[PDB]
Amino acid sequence: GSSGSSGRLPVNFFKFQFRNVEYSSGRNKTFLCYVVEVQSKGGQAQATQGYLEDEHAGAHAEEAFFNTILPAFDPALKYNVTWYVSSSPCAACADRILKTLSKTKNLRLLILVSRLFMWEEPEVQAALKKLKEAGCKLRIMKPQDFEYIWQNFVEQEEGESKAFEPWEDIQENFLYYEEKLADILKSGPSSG
Ligand SMILES: [Zn+2]
């Protein structure tokens, strides 16, 4: 939560904040965007938005969500949650997340990551699977999703208007991380 005024971040800052890239040494704190869309047999729907802050020692940005953002959900409505981040949830972050999907059906939780993290640990594999086995939705944060999160979850200068256009690689990077996220879901037999 830690809400205040707006539910997005100013480009002037995000530019030096979201810059946290593998090809860049020096990180401060990453923000996790969440979008929940509920519905009642067609008619009234409640849409929520905002970023969460990871706790140095307690609840990771991911948890902070269900901690205040989505505390409870009605089995009579269709909740549509969406997470837009760059770093994948740790074996613990994806935990409290799977425990929610294994109980809530009408609730559709979604999470994207432009880059896979700790996707080589024997603990994260079994911690990320449950998500795919519980009903969670995992997808490599495509270069097309950013735009929205850049024009919505991010405030643009006044009068001006830009657009995050990754001229470096749209697929090359996707396919790369794509095999990573899936890998955990697909493990080879031990015959060595
Ligand atoms: Zn975490």
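Bear in mind that the values in this text are calculations on the coordinates, not laboratory data. Neighbour counts are summed over all protein chains in view; Cβ atoms, including those assigned to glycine, are modelled from backbone coordinates with ideal geometry.
Brief remarks follow.
- Exposed loop sites are taken as trypsin sites (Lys or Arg not before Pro) in a DSSP loop (any state but H, G, I, E or B) with at most 15 other beta carbon atoms within 10 Å; the longest stretch of the chain without one runs 42-102.
- Summarising the strand pairing of the chain, around 50 percent of its internal DSSP beta bridges are antiparallel.
- Cα-centred dipole magnitude for the chain, charges only on beta-carbon of K, R (+1) and D, E (-1), debye, nearest 20: 820 debye
- Positive contributions from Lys and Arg (+1) and negative ones from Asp and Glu (-1), summed over other residues with Cβ under 15 Å from the Cβ of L138, come out at +3.
- If the chain linking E158 and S6 were pulled fully straight, counting 0.36 nm for each residue of separation and taking away their Cα-Cα distance, it would gain 53.1 nm.
- Exposed loop positions in the chain were taken to be chymotrypsin sites (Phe, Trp or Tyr not before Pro) whose DSSP state is not H, G, I, E or B and which have at most 13 other beta-carbon atoms within 10 angstrom. Between these positions, the longest stretch is 24-166.
- Straight-line cross-link partners of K162 among the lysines, defined as a Cα under 27 Å from its Cα and at least 8 positions apart when in the same chain: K15, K29, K142.
- Estimated inter-spin distance, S190 and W167, nm [label 7 Å along Cα→Cβ]: 4.9 nm
- All other residues whose Cβ lies under 13 angstrom from that of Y176 are scored, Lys and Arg at +1 and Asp and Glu at -1, for a net of -4.
- Size check on the chain: the Cα extents along the three principal axes, sorted descending, read 61, 44, 34 Å.
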